[PDB]
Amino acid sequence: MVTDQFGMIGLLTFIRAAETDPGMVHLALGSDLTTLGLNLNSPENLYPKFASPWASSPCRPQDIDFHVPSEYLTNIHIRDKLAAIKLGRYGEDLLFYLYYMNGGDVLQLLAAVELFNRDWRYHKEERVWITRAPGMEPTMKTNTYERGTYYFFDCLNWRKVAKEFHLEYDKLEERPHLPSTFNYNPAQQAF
């Protein structure tokens, strides 16, 4: 038999070491590469939207620099007169755009806050923004839930949908937690 590191014994010794290993890389077992935020099932190339080796999401259109026709470079001439960004002024379509586009930015959260303010709630399981439909008060508001007519935002068809459902405050999210520390690089904590 093989007492050594190059035998079968040597193999389960490495596997059972991953139990006690707090490190994110176990060169013996590997890792689920589907969970690295790349669409390995994509029928389209990944490289055109390849963010960086540390990013868990592809390039958004706001990330891609584009040589826009000269005329569109407004900011240099209108900087002073141009209004400042105040999410309270903007409509719900804008807040929903800002929300659905800034996955992992203070902007998703700042938008989620302005949405939360306007009474919209986030279903943690159904993964949708819900709010009270005009004039329809829930049938039985109780200790753990409420049931009635609700307006919810459909991000695939980009519209508010009246869908009648039962919602448990447990499955509903509280006031968005705004990260206080400004010096955060998600590239540093990437596994």
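For every residue, the number given is its place in the sequence shown, counted from 1.
- Comparing the deposited coordinates for 9-17 and 177-185, the stretch with the larger average C-alpha B-factor is 177-185.
- When the mean C-alpha temperature factors of 31-39 and 141-149 are read from the deposited coordinates, 141-149 comes out higher.
- Of the candidates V68, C155, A51, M136, the PDB record gives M136 the highest C-alpha temperature factor.
- Split the chain's modelled residues into thirds by C-alpha temperature factor. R132 is in the highest one.
- Per the PDB record, residue ranking by Cα B-factor puts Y47 in the lowest third of the chain.
- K160: CA B factor lies in the middle third for its chain, per the PDB record.
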